[PDB]
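Below is my_file.pdb, holding PDB, C-alpha atoms.
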ATOM      1  CA  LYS A 531       2.108  15.944  15.206
ATOM      2  CA  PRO A 532       2.365  12.732  13.142
ATOM      3  CA  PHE A 533       5.292  12.311  10.765
ATOM      4  CA  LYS A 534       3.817   9.362   8.828
ATOM      5  CA  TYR A 535       0.133   8.582   8.284
ATOM      6  CA  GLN A 536      -0.700   4.913   7.806
ATOM      7  CA  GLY A 537      -2.999   2.176   9.093
ATOM      8  CA  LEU A 538      -3.298  -1.481   9.934
ATOM      9  CA  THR A 539      -3.337  -3.951   7.052
ATOM     10  CA  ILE A 540      -2.775  -7.577   6.087
ATOM     11  CA  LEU A 541       0.347  -9.226   4.656
ATOM     12  CA  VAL A 542       0.073 -12.587   2.883
ATOM     13  CA  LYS A 543       2.420 -14.785   0.867
ATOM     14  CA  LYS A 544       2.009 -14.680  -2.913
ATOM     15  CA  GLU A 545       1.321 -18.211  -4.150
ATOM     16  CA  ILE A 546       3.615 -18.223  -7.182
ATOM     17  CA  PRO A 547       2.154 -20.280 -10.065
ATOM     18  CA  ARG A 548       3.789 -23.710 -10.124
ATOM     19  CA  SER A 549       3.066 -25.196 -13.550
ATOM     20  CA  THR A 550       3.021 -28.985 -13.731
ATOM     21  CA  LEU A 551       4.075 -30.947 -16.797
ATOM     22  CA  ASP A 552       0.435 -31.945 -17.391
ATOM     23  CA  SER A 553      -1.231 -28.528 -17.007
ATOM     24  CA  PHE A 554      -2.274 -28.301 -20.665
ATOM     25  CA  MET A 555      -3.805 -31.767 -20.233
ATOM     26  CA  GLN A 556      -5.845 -30.536 -17.235
ATOM     27  CA  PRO A 557      -8.793 -29.139 -19.284
ATOM     28  CA  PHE A 558      -9.630 -32.620 -20.618
ATOM     29  CA  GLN A 559      -9.914 -35.501 -18.166
ATOM     30  CA  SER A 560      -7.724 -38.551 -18.753
ATOM     31  CA  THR A 561     -10.770 -40.735 -19.411
ATOM     32  CA  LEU A 562     -11.951 -38.222 -22.016
ATOM     33  CA  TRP A 563      -8.474 -38.230 -23.563
ATOM     34  CA  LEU A 564      -8.537 -42.020 -23.875
ATOM     35  CA  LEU A 565     -12.095 -41.991 -25.226
ATOM     36  CA  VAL A 566     -11.342 -39.375 -27.894
ATOM     37  CA  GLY A 567      -8.134 -41.199 -28.818
ATOM     38  CA  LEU A 568     -10.085 -44.417 -29.335
ATOM     39  CA  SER A 569     -12.738 -42.465 -31.252
ATOM     40  CA  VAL A 570     -10.085 -41.094 -33.622
ATOM     41  CA  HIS A 571      -8.892 -44.603 -34.461
ATOM     42  CA  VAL A 572     -12.383 -46.097 -34.800
ATOM     43  CA  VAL A 573     -13.466 -43.272 -37.122
ATOM     44  CA  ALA A 574     -10.251 -43.680 -39.114
ATOM     45  CA  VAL A 575     -10.855 -47.404 -39.564
ATOM     46  CA  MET A 576     -14.559 -47.086 -40.395
ATOM     47  CA  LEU A 577     -13.879 -44.508 -43.123
ATOM     48  CA  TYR A 578     -11.775 -46.827 -45.249
ATOM     49  CA  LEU A 579     -13.855 -49.877 -44.306
TER      50      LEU A 579
ATOM     51  CA  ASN B 491      -0.607  41.157  10.467
ATOM     52  CA  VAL B 492      -4.336  40.549  11.055
ATOM     53  CA  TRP B 493      -5.927  37.108  10.782
ATOM     54  CA  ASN B 494      -9.291  36.595   9.094
ATOM     55  CA  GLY B 495     -11.651  33.635   8.771
ATOM     56  CA  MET B 496     -11.249  30.767  11.210
ATOM     57  CA  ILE B 497      -7.921  31.838  12.698
ATOM     58  CA  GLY B 498      -9.056  35.449  12.963
ATOM     59  CA  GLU B 499     -12.295  34.544  14.726
ATOM     60  CA  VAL B 500     -10.613  32.147  17.155
ATOM     61  CA  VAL B 501      -7.592  34.331  17.963
ATOM     62  CA  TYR B 502      -9.646  37.432  18.825
ATOM     63  CA  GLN B 503     -11.662  35.487  21.449
ATOM     64  CA  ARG B 504     -14.778  35.538  19.251
ATOM     65  CA  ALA B 505     -15.084  31.734  19.438
ATOM     66  CA  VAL B 506     -13.889  28.791  21.505
ATOM     67  CA  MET B 507     -12.995  26.293  18.767
ATOM     68  CA  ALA B 508     -12.943  26.158  14.965
ATOM     69  CA  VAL B 509     -14.634  22.980  13.733
ATOM     70  CA  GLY B 510     -14.426  22.488   9.981
ATOM     71  CA  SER B 511     -12.070  21.812   7.085
ATOM     72  CA  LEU B 512      -9.104  23.394   8.856
ATOM     73  CA  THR B 513      -5.719  22.450   7.416
ATOM     74  CA  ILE B 514      -3.075  22.504  10.132
ATOM     75  CA  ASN B 515      -0.269  24.877   9.154
ATOM     76  CA  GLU B 516       2.911  26.212  10.729
ATOM     77  CA  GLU B 517       1.689  29.796  11.089
ATOM     78  CA  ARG B 518      -1.733  28.566  12.225
ATOM     79  CA  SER B 519      -0.128  26.290  14.823
ATOM     80  CA  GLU B 520       2.051  29.206  15.943
ATOM     81  CA  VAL B 521      -0.986  31.458  16.392
ATOM     82  CA  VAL B 522      -3.585  28.978  17.695
ATOM     83  CA  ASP B 523      -3.513  25.498  19.224
ATOM     84  CA  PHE B 524      -4.664  22.579  17.070
ATOM     85  CA  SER B 525      -5.982  19.164  18.070
ATOM     86  CA  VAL B 526      -4.876  15.743  16.794
ATOM     87  CA  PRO B 527      -5.670  15.479  13.052
ATOM     88  CA  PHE B 528      -8.601  13.116  12.513
ATOM     89  CA  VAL B 529      -8.158  12.787   8.727
ATOM     90  CA  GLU B 530      -5.255  13.139   6.299
ATOM     91  CA  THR B 531      -5.552  16.252   4.096
ATOM     92  CA  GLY B 532      -2.574  16.887   1.822
ATOM     93  CA  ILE B 533      -2.172  18.812  -1.417
ATOM     94  CA  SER B 534      -2.853  16.952  -4.655
ATOM     95  CA  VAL B 535      -3.474  17.396  -8.371
ATOM     96  CA  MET B 536      -6.774  16.916 -10.213
ATOM     97  CA  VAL B 537      -6.605  16.409 -13.983
ATOM     98  CA  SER B 538      -9.013  15.358 -16.707
ATOM     99  CA  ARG B 539      -8.706  11.693 -17.644
TER     100      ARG B 539
ATOM    101  CA  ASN C 724       4.428 -20.303   4.862
ATOM    102  CA  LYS C 725       4.167 -20.914   8.620
ATOM    103  CA  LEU C 726       1.583 -18.111   8.856
ATOM    104  CA  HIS C 727      -1.344 -17.269   6.588
ATOM    105  CA  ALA C 728      -1.776 -13.579   7.463
ATOM    106  CA  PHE C 729       0.178 -10.904   9.333
ATOM    107  CA  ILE C 730      -1.632  -7.901  10.819
ATOM    108  CA  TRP C 731       0.651  -4.871  10.957
ATOM    109  CA  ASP C 732       1.236  -1.253  10.010
ATOM    110  CA  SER C 733       0.924  -0.062   6.421
ATOM    111  CA  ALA C 734       4.399   1.444   5.985
ATOM    112  CA  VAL C 735       6.240  -1.670   7.181
ATOM    113  CA  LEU C 736       4.229  -4.053   4.990
ATOM    114  CA  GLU C 737       4.481  -1.792   1.944
ATOM    115  CA  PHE C 738       8.256  -1.527   2.334
ATOM    116  CA  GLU C 739       8.596  -5.285   2.882
ATOM    117  CA  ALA C 740       6.515  -6.029  -0.220
ATOM    118  CA  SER C 741       8.658  -3.557  -2.161
ATOM    119  CA  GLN C 742      11.838  -5.316  -0.993
ATOM    120  CA  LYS C 743      10.627  -8.891  -0.470
ATOM    121  CA  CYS C 744       8.847  -9.448  -3.791
ATOM    122  CA  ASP C 745       7.309 -12.701  -2.481
ATOM    123  CA  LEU C 746       4.877 -10.974  -0.072
ATOM    124  CA  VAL C 747       1.854  -8.756  -0.755
ATOM    125  CA  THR C 748      -0.316  -6.409   1.289
ATOM    126  CA  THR C 749      -3.857  -7.153   0.117
ATOM    127  CA  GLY C 750      -6.477  -6.264   2.727
ATOM    128  CA  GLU C 751      -8.184  -2.893   2.578
ATOM    129  CA  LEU C 752      -6.791  -0.103   4.740
ATOM    130  CA  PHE C 753      -8.426   0.264   8.151
ATOM    131  CA  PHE C 754      -7.846   1.991  11.496
ATOM    132  CA  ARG C 755      -6.097   5.033  10.063
ATOM    133  CA  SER C 756      -3.539   6.523  12.465
ATOM    134  CA  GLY C 757      -0.046   7.995  12.433
ATOM    135  CA  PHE C 758       3.428   7.641  13.871
ATOM    136  CA  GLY C 759       4.141  10.282  16.492
ATOM    137  CA  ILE C 760       7.118  11.466  18.522
ATOM    138  CA  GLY C 761       6.015  10.509  22.017
ATOM    139  CA  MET C 762       7.506  12.432  24.923
ATOM    140  CA  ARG C 763       6.977  13.004  28.637
ATOM    141  CA  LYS C 764       3.675  14.486  29.780
ATOM    142  CA  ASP C 765       5.338  17.783  30.781
ATOM    143  CA  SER C 766       8.280  18.361  28.442
ATOM    144  CA  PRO C 767       9.052  21.836  27.052
ATOM    145  CA  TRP C 768      10.051  20.561  23.590
ATOM    146  CA  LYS C 769       6.466  19.551  22.745
ATOM    147  CA  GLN C 770       5.471  22.818  21.071
ATOM    148  CA  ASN C 771       8.914  23.230  19.500
ATOM    149  CA  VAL C 772       9.080  19.652  18.206
ATOM    150  CA  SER C 773       5.544  19.925  16.816
ATOM    151  CA  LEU C 774       6.405  23.166  15.013
ATOM    152  CA  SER C 775       9.625  21.667  13.642
ATOM    153  CA  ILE C 776       7.990  18.449  12.420
ATOM    154  CA  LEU C 777       5.167  20.380  10.759
ATOM    155  CA  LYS C 778       7.725  22.675   9.116
ATOM    156  CA  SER C 779       9.550  19.604   7.817
ATOM    157  CA  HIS C 780       6.223  18.296   6.504
ATOM    158  CA  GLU C 781       5.320  21.494   4.653
ATOM    159  CA  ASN C 782       8.690  21.947   2.930
ATOM    160  CA  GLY C 783      10.604  19.446   0.810
ATOM    161  CA  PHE C 784      12.113  17.329   3.590
ATOM    162  CA  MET C 785       9.743  14.512   4.576
ATOM    163  CA  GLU C 786       9.057  13.339   1.018
ATOM    164  CA  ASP C 787      12.821  13.229   0.478
ATOM    165  CA  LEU C 788      13.132  10.799   3.388
ATOM    166  CA  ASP C 789      10.207   8.821   1.966
ATOM    167  CA  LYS C 790      12.027   8.588  -1.375
ATOM    168  CA  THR C 791      15.360   7.640   0.202
ATOM    169  CA  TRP C 792      14.088   5.126   2.772
ATOM    170  CA  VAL C 793      10.621   3.847   1.793
ATOM    171  CA  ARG C 794       9.630   4.752  -1.767
ATOM    172  CA  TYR C 795      12.682   3.098  -3.340
ATOM    173  CA  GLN C 796      12.066  -0.470  -4.480
ATOM    174  CA  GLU C 797      13.462  -3.209  -6.712
ATOM    175  CA  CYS C 798      10.261  -4.969  -7.814
ATOM    176  CA  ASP C 799       6.546  -4.929  -6.996
ATOM    177  CA  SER C 800       4.702  -7.132  -9.547
ATOM    178  CA  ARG C 801       1.669  -4.810  -9.418
ATOM    179  CA  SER C 802      -0.471  -5.122 -12.555
ATOM    180  CA  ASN C 803      -4.206  -5.731 -12.972
ATOM    181  CA  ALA C 804      -3.717  -7.319 -16.401
ATOM    182  CA  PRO C 805      -3.871 -11.130 -16.586
ATOM    183  CA  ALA C 806      -0.569 -12.839 -15.886
ATOM    184  CA  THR C 807       1.963 -12.766 -18.710
ATOM    185  CA  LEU C 808       2.947 -16.275 -19.773
ATOM    186  CA  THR C 809       6.508 -17.088 -18.705
ATOM    187  CA  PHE C 810       8.983 -19.755 -19.776
ATOM    188  CA  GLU C 811       8.488 -21.982 -16.727
ATOM    189  CA  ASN C 812       4.730 -22.088 -17.387
ATOM    190  CA  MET C 813       4.388 -23.936 -20.725
ATOM    191  CA  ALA C 814       7.786 -25.648 -20.601
ATOM    192  CA  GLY C 815       5.831 -28.909 -20.686
ATOM    193  CA  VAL C 816       4.789 -28.105 -24.249
ATOM    194  CA  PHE C 817       8.461 -27.907 -25.210
ATOM    195  CA  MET C 818       8.904 -31.184 -23.320
ATOM    196  CA  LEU C 819       6.273 -32.801 -25.556
TER     197      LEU C 819
END

Mind turning this structure into structure tokens?
Amino acid sequence: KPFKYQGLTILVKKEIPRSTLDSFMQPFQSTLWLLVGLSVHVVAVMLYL
Amino acid sequence: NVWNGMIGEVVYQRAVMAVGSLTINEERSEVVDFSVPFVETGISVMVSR
Amino acid sequence: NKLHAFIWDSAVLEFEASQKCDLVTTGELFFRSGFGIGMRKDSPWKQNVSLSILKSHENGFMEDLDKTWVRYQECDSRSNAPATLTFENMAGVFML
């Protein structure tokens, strides 16, 4: 009689999250970051102009 | 010292085999011969969530 | 990382995941079977060993061995909640 009931299954390696220094900058593309940065300055100048 | 149900019917030559929800037990294995278990059936607890 | 998947028996993988907290058993259980004490075709102990192993199963002996050899673990990282933010994750914000 069996002394341990079990079955075949799959083992895989857990990909641990490796956070880069730019992860929080991932949601916005670099070109969008530059464009919004330029937009901030152009709006700032046009207000007092 | 008299078996009823499945074990009683099979031991007294009233049947050839007992197909059903038969839990394999020490006294049952002593009295009658069991086959290889085809499904795990332990004892467990049911409670309201 | 030399292999992408290892096909093997549930107890071994569960124990390894319990001990080696960098591996996980993920696939659904299939091909249910059991470990058995194999002997010669005609050996008188067969009935006796079957009775003894079933007696060990019914009383409080097998689960004790499970606790003392398999069930014990150091970490598992089993939680369905979204991952808790850790220090190494947003350390770049502190860098800024």

- Task: Kindly extract all protein, DNA and RNA residues lying within 12 Å of the coordinates (6.3, 20.4, 6.3) given in the file, considering only C-alpha atoms, and supply them as a VMD selection string.
- Result: (chain A and resid 531 to 534) or (chain B and resid 514 to 517 532 to 533) or (chain C and resid 773 to 787)

- Task: Give as a ChimeraX atom specification the residues that the ChimeraX specification (/C :<12) & /B matches when applied to the coordinates above.
- Result: /B:513-530,532-533

- Message: Select, as an MDAnalysis selection string, those residues of chain C with any atom no more than 10 Å from chain A (distances computed using all atoms listed in the file).
- Response: chainID C and resid 724 726:737 739:740 744:761 769:770 772:777 779:780 785 789 806 811:819

- Message: Please compute the atom CA of residue 743 of chain C-atom CA of residue 725 of chain C distance, one decimal, in Å.
- Response: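 So the two atoms, atom CA of residue 743 of chain C and atom CA of residue 725 of chain C, lie 16.4 Å apart.
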
Assuming the chain letters and numbering stay as they are in my file, what does the PyMOL selection byres ((chain B and resi 493) around 12) actually select? List them as a short mmCIF file (atom, residue, chain, number, x, y, z; two decimals) with C-alpha atoms, in the frame of the given file.
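So the final result, stored in expr16.cif, reads:
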data_model
loop_
_atom_site.label_atom_id
_atom_site.label_comp_id
_atom_site.auth_asym_id
_atom_site.auth_seq_id
_atom_site.Cartn_x
_atom_site.Cartn_y
_atom_site.Cartn_z
CA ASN B 491 -0.61 41.16 10.47
CA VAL B 492 -4.34 40.55 11.06
CA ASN B 494 -9.29 36.60 9.09
CA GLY B 495 -11.65 33.64 8.77
CA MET B 496 -11.25 30.77 11.21
CA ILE B 497 -7.92 31.84 12.70
CA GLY B 498 -9.06 35.45 12.96
CA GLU B 499 -12.30 34.54 14.73
CA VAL B 500 -10.61 32.15 17.16
CA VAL B 501 -7.59 34.33 17.96
CA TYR B 502 -9.65 37.43 18.82
CA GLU B 517 1.69 29.80 11.09
CA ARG B 518 -1.73 28.57 12.22
CA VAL B 521 -0.99 31.46 16.39
CA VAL B 522 -3.58 28.98 17.70
#

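Reported to one decimal place, the separation of atom CA of residue 741 of chain C from atom CA of residue 793 of chain C is 8.6 Å.
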
- Find the distance between atom CA of residue 576 of chain A and atom CA of residue 559 of chain A and write it in Å to one decimal. 25.5 Å

Would you place a box with edges along x, y and z of the file around all atoms of segment 798-811 of chain C listed there, add 5 Å to each of its six sides, and report the centre and edge lengths in Å to one decimal, as lines of an AutoDock Vina configuration file?
center_x = 3.0
center_y = -13.4
center_z = -13.4
size_x = 24.5
size_y = 27.2
size_z = 22.8

- Task: Rank B:531, B:539, B:505, B:510 by their smallest atom-to-atom distance to chain A, using only C-alpha atoms, and report the top residue only.
- Result: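 Ranked by minimum distance to chain A, first place goes to B:531.
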
What does segment 503-514 of chain B look like written to a file with N, CA and C atoms, as a PDB file, in the first residue's frame?
ATOM      1  N   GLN B 503     -19.162 -14.926   0.898  1.00  0.00           N
ATOM      2  CA  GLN B 503     -19.246 -15.490  -0.447  1.00  0.00           C
ATOM      3  C   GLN B 503     -20.537 -15.109  -1.161  1.00  0.00           C
ATOM      4  N   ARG B 504     -21.169 -14.007  -0.755  1.00  0.00           N
ATOM      5  CA  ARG B 504     -22.366 -13.533  -1.435  1.00  0.00           C
ATOM      6  C   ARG B 504     -22.049 -12.651  -2.635  1.00  0.00           C
ATOM      7  N   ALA B 505     -20.784 -12.294  -2.839  1.00  0.00           N
ATOM      8  CA  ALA B 505     -20.382 -11.472  -3.969  1.00  0.00           C
ATOM      9  C   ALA B 505     -18.915 -11.731  -4.271  1.00  0.00           C
ATOM     10  N   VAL B 506     -18.500 -11.337  -5.470  1.00  0.00           N
ATOM     11  CA  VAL B 506     -17.116 -11.534  -5.889  1.00  0.00           C
ATOM     12  C   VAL B 506     -16.250 -10.331  -5.536  1.00  0.00           C
ATOM     13  N   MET B 507     -16.716  -9.120  -5.834  1.00  0.00           N
ATOM     14  CA  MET B 507     -15.969  -7.919  -5.492  1.00  0.00           C
ATOM     15  C   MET B 507     -16.937  -6.850  -5.010  1.00  0.00           C
ATOM     16  N   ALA B 508     -16.388  -5.863  -4.309  1.00  0.00           N
ATOM     17  CA  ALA B 508     -17.155  -4.748  -3.755  1.00  0.00           C
ATOM     18  C   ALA B 508     -16.670  -3.465  -4.424  1.00  0.00           C
ATOM     19  N   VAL B 509     -17.384  -3.036  -5.458  1.00  0.00           N
ATOM     20  CA  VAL B 509     -17.050  -1.805  -6.165  1.00  0.00           C
ATOM     21  C   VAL B 509     -17.877  -0.668  -5.577  1.00  0.00           C
ATOM     22  N   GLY B 510     -17.203   0.391  -5.145  1.00  0.00           N
ATOM     23  CA  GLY B 510     -17.899   1.521  -4.560  1.00  0.00           C
ATOM     24  C   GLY B 510     -16.943   2.384  -3.761  1.00  0.00           C
ATOM     25  N   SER B 511     -17.521   3.227  -2.906  1.00  0.00           N
ATOM     26  CA  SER B 511     -16.739   4.122  -2.054  1.00  0.00           C
ATOM     27  C   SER B 511     -16.273   3.359  -0.813  1.00  0.00           C
ATOM     28  N   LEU B 512     -15.330   2.450  -1.043  1.00  0.00           N
ATOM     29  CA  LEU B 512     -14.800   1.581   0.000  1.00  0.00           C
ATOM     30  C   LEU B 512     -13.462   2.115   0.491  1.00  0.00           C
ATOM     31  N   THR B 513     -13.449   2.637   1.712  1.00  0.00           N
ATOM     32  CA  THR B 513     -12.217   3.085   2.343  1.00  0.00           C
ATOM     33  C   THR B 513     -11.435   1.881   2.845  1.00  0.00           C
ATOM     34  N   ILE B 514     -10.160   1.814   2.466  1.00  0.00           N
ATOM     35  CA  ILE B 514      -9.333   0.675   2.841  1.00  0.00           C
ATOM     36  C   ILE B 514      -8.877   0.844   4.283  1.00  0.00           C
TER      37      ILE B 514
END
